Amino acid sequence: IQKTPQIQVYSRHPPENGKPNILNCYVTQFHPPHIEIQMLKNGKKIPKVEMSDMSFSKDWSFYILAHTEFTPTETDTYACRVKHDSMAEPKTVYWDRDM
């Protein structure tokens, strides 16, 4: 049946105010494979979001890495909104630079 996705939002390289980077949204542990992943800057969808090819784990759940270029600042907030049939709502998880 239906497993609900887990999510880590994190950058590729350690964050530095001003320094361009890649923001990742690693979604794992979900089923069915069809999923919609949006990355948000300040509540707005980031337009050109890269999406890796979808692979499954030995326990049959899928994982994908969503990612996009970005330049973290003191002020801007970033999030990843995952829409999946296993959940009534989307799950939005904010990027934490400490995390």
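For every residue, the number given is its place in the sequence shown, counted from 1. Rigid core: the largest C-alpha set superposing within 1.5 Å between the two forms.
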Core-fitted comparison in 7 other deposited structures of this protein, 54 to 62 vs 37 to 45, farther C-alphas: 54 to 62
Per the entry, higher mean C-alpha B factor between 46 to 54 and 27 to 35: 46 to 54
Given 56 to 64 and 69 to 77, the range whose Cα B-factors average higher in the PDB entry: 69 to 77
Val9 CA temperature factor, ranked by third within the chain: lowest
